[PDB]
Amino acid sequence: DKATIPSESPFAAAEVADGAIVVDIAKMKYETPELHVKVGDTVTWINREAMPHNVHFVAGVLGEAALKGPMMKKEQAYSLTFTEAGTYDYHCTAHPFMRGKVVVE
């Protein structure tokens, strides 16, 4: 696998620690659609909207299986720790027009 999952289910935005690498989900978009991080960094998505959202990486991208993240309710968060360099495209399962990528360098 190319990422580890600190928490399989979502957690409160507030519980996100100061200085976390946050991608906001707001205005029906991933507000940083192309994020560049380094190996070992944790990325945290935070849903700011009433509509639930997730992140979904198809099979072969983060590992063998698809990573279909849990739906974050408003003001919930979800993290992935990237362990290997690459470019990792994702979308929202419910709203597949919402697309982003994490470039791990």
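Residues carry their position along the shown sequence, with the first being 1.
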Between 15-23 and 83-91, which has the larger average Cα B-factor in the PDB entry? 15-23
Based on the PDB record, which member of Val43, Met51, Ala65, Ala77 exhibits the highest Cα temperature factor? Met51
Where does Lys29 sit by CA temperature factor within its chain: lowest, middle or highest third? middle
Please say which third, lowest, middle or highest, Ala3 falls into when its CA temperature factor is compared across its chain. highest
Temperature factor at the Cα of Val37, chain-ranked in thirds, falls in the middle
